[PDB]
Structure formats: structure tokens, C-alpha cells
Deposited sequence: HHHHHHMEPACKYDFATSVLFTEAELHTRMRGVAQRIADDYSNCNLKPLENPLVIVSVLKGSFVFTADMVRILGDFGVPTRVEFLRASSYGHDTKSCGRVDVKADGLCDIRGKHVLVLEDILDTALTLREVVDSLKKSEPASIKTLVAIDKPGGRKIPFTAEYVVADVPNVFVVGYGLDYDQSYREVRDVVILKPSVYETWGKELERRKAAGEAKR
């Protein structure tokens, strides 16, 4: 492949940004009757997990270029809150987090994930905004990690078992 520990590059960096610009136009349309201004009424970004900091940094600057001003917060009333996550697999985290952003009842609350793994659900969750779908394969890159590594990968790729095995007999 293009990398030396992958078998396939699912989504490149040019694809996600292109998709995130598309979703940004969707969020700019859906949030045009909210009167989104800096300070007074800026959209809130809830950045769950530890691997959502790459997607969050890219998204807040794509929404800003689409006139959708934001204010971020990290979790690792009268406000339209937006929860962001690197990947949506089992969907148990968001559900709790989403249901937990309601106890401080916001103006409105939707979810935005960069990578949706709809095939690995345990409870029926659906995000209003998804940048891309991926089959039930393990994909590192764009902040995603295998034991805290390979987050720095600009692309969403698939780690070769060898990499997962070669690291096996170093642990003990």
C-alpha cells in the first residue's frame, strides 16, 4: 500500500475534508434559523474521547468557513449543542453522553461523527451527521489509535495483523 503497516487506505485526507465541507454546508443550512454569532450565540462542540481532537480541530475551522461560529468543550441551556466523536461503533458512549447533555437541557442537540460504524451497534443510535461510513474493519488514522499509536496518520487505514501480532510478544 501507500503505508508500511496497512493493507488498505479506506479514506484519504482529501476525501474527509471534502465530506466535512459537505456536512458543514448541511449544518450551516440547518442552523441558519438559530442566529449563530460569536460569544452571544455560538454553536457548542462537545469533543468526546481522546481521538476526536483531530476531527474537532478540522471541523471547527470548516464550520467557521461556512459561517457557523463555534465554542468547543472536551469531555474525555438555551444553546444548540453539537457532540463530536472520532468514530461511532457500539454507540454506547454517545447515548449516555447525548442523554446526559439533556439534563442541562440545551436548545437543541445533535451528533456529528467523522466515522460511523453502523455495523457494530448494540443499541439503536443514529447520528444526524456522518462524514463517512466504514465496514466492520479496524481503522487507524485521523486521531484513531491502537494502544495510543498511529493517531498521527492523515488517512483512515487498516492495520496489518502483523503489526497487531508483532507488538504481541513484546507485551508480557
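Item to complete: Identify which parts of the deposited sequence carry no C-alpha coordinates, going from the N-terminal end onward.
Response: Missing CA coords at 1-10, 87-110, 207-216.
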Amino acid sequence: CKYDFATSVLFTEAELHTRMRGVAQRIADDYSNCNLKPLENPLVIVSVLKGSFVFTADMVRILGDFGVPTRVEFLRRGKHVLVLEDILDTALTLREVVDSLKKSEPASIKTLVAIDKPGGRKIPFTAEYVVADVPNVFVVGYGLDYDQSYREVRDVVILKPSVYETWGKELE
From here on, numbers count along this sequence of modelled residues.
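Between two forms, the rigid core is the largest collection of C-alphas that superpose within 1.5 Å.
Discussion item. Between 47-55 and 23-31, which has its CA atoms farther from the current form in 8 other deposited structures of this protein, using a rigid core superposition?
Written reply: Larger mean C-alpha displacement, comparing 47-55 and 23-31 in 8 other deposited structures of this protein, is found in 47-55.
Fill in: Stretch with the higher entry mean CA B-factor, where the candidates are 138-146 and 103-111
Per the deposited B-factors, the answer is 103-111.
Fill in: Higher-B stretch (mean Cα B-factor, as the entry records it), 32-40 or 128-136
Between 32-40 and 128-136, it is 32-40.
Worksheet item: In terms of the chain's CA B-factor thirds, is residue 89 lowest, middle or highest?
Response: For residue 89, whose C-alpha B-factor we compare with every modelled residue in the chain, the answer is the middle third.
Worksheet item: Would the CA B-factor of residue 120 place it in the lowest, middle or highest third of its chain?
Response: It belongs to the highest third of the chain when residues are ordered by C-alpha B-factor.
Worksheet item: Ranked by Cα temperature factor within the chain, is residue 24 in the lowest third, the middle third or the highest third?
Response: Residue 24: CA B-factor falls in the highest third of its chain.
Worksheet item: Based on the entry's values, in what third of the chain does the Cα temperature factor of residue 68 lie: lowest, middle or highest?
Response: It belongs to the highest third of the chain when residues are ordered by C-alpha B-factor.
Item to complete: Give the position of residue 159 by CA B-factor within its chain, expressed as the lowest, middle or highest third.
Response: Ranked within chain, residue 159 CA B lands in the highest tercile.
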